[PDB]
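Quick setup: one chain, the form deposited in one PDB entry, written in C-alpha cells, and binding and motion questions come after.
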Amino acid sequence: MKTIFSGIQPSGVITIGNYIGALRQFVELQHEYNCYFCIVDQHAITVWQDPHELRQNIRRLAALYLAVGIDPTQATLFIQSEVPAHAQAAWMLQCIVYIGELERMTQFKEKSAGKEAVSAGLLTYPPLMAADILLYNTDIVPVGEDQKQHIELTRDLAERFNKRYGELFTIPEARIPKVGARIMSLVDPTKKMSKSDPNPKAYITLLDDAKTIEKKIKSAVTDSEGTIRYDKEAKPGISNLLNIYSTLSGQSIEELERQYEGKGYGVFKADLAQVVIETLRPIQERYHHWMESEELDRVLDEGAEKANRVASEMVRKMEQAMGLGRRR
C-alpha cells in the first residue's frame, strides 16, 4: 500500500472546485491508500495572520474534512504544529538545502511582491514542506503544477540526504489519483476556481448557504447562444457549468446535453443551483455537528498521536544519521 500526504492550508475554506478536483475521491481512496491530511498552521504564519481567525480556520477545516467523509480511523487527520517532528525535521533539512535553491523558488519570488521586506519563514517554506512529506515515507503528494518546483526540491532533498547518509526517505511523486474535472471560476471561465479570488462570485465554498449558492450560480458567466453543449474553447462558461453539474449529479455530459436540448440557460442554472445545494446541505449538517461536538478535539488529539508516532520515529533516524543527541 502506498502513502499519500496532503498538506491543507488553514486560512482558505474549501471551494466546490477543490472538492470536485481533488478531495471528494479521497472518501474512497482512503481505503486503498494510507492517507495523511495535515492542516499546516505552521506554514500559515509565514505571512501575516490574525490569531483568532487562524485558530477558528484550523478548527473549521478539520470539521469540514470530517463532514465530507474523511474517516479518522482510516486516514490520519492532524494539525501540523501539534507534531514537533515537523519543526525538528525542517531544521535538519534547512541544513542540507542550499540558500541558492531557496532564492530560486518561484513562489518565493512571488509572495515577495508588494512587500519589500519579507519574513525568513517565506524563504524556508520549502524545507518545512519537504519535512511534512518526507517524515511519513510518502509515495504520492496530490498537488498540481503550481507545486511542481516544491516537489522537485523535496525529491532533491530526499535524494541528497539518502546519498549522504544512506537510504532513509522515499522519493515522493506529485500525482492526484483519480483526479476530477478542473473547475474554473464562475466569473472568469478561463481561470481556475480558487479560494483566493478577489471576486467572491468566482467560487462557491462548501459553507455557502442556499441564498448565496443561488445568487452565485445566477450570476455565473455563460454566453449568448442559449444552447447547452460542451465546447471548452467556444463556450468555456457553459462547459464549466456542465462539469460541475455532471460530477455532482452523476449524469454524463452527453446525457445532460440530451436532457437540455431545446432549453435555455435560465432553467439549466436553476437546476444546477439545486444540484449544488443538495450536495452541500448534508456536508453542512455534519459540519455543524462536528463544530459543536467534543469528539472533534478527541479526533484531532488522536490524529496527532498517530502522526507523531510515525514522524518522531523518522526524526530519531535522521538525528541518528546526522549525529544529533545520544542513543541512551
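For the two forms, the rigid core is made up of the largest set of C-alpha atoms that agree within 1.5 Å on superposition. Residue numbers here begin at 1 and follow the sequence given. Residues that one form lacks are left out of the comparison.
Here the subject shifts to the form deposited with a small molecule bound, a form of this protein not shown in this document.
Trainee: Can you pick the stretch from 188 to 196, 98 to 106, 158 to 166, 219 to 227 whose heavy atoms fall within 4.5 Å of the small molecule in the bound PDB entry?
Mentor: Comparing against the small molecule in the bound PDB entry, the contact stretch is 188 to 196.
Trainee: Let me test this: is every residue among 15, 22 and 183 within 4.5 Å of the small molecule in the bound PDB entry, going by heavy atom positions?
Mentor: Yes: 15, 22 and 183 each sit within 4.5 Å of the small molecule in the bound PDB entry.
Trainee: Under a 4.5 Å heavy atom criterion, is residue 177 part of the interface with the small molecule in the bound PDB entry?
Mentor: The answer is yes: residue 177 has a heavy atom within 4.5 Å of the small molecule.
Trainee: Considering non-hydrogen atoms and a 4.5 Å limit, does the small molecule approach residue 144 in the bound PDB entry?
Mentor: Close contact exists here: in the bound PDB entry, residue 144 approaches the small molecule to within 4.5 Å, heavy atoms only.
Trainee: Which single residue of 209, 145, 110, 71, after superposing the core, moves its CA by 2 Å or more between this form and the one not shown?
Mentor: So the only displaced C-alpha belongs to 110.
Trainee: Aligning on the rigid core, do we see the C-alpha of residue 95 shift 2 angstroms or more between this form and the one not shown?
Mentor: It does not reach a 2 Å shift.
Trainee: After a core superposition, would you say residue 123 shifts its C-alpha by at least 2 Å between this form and the one not shown?
Mentor: Result for residue 123: no, shift under 2 Å.
Trainee: Using a superposition on the rigid core, decide whether the Cα position of residue 218 changes by 2 angstroms or more between this form and the one not shown.
Mentor: Residue 218: C-alpha displaced by less than 2 Å between this form and the one not shown.
Trainee: Which way does the C-alpha gap of residue 10 and residue 113 go in the bound PDB entry, closer or farther, given it changes by 3 angstroms or more?
Mentor: Farther apart, by at least 3 Å.
Trainee: Knowing the shift is 3 Å or more, I'd like to know if the C-alpha atoms of residue 197 and residue 177 are closer or farther apart in the bound PDB entry than in the shown chain.
Mentor: Closer in the bound PDB entry, by 3 Å or more.
Trainee: Fitting the two forms on their core, which runs of three or more residues have every Cα moved by 2 Å or more between this form and the one not shown?
Mentor: The segments that shift (3 or more residues, C-alpha shift of 2 Å or more) are 110 to 116, 176 to 181.
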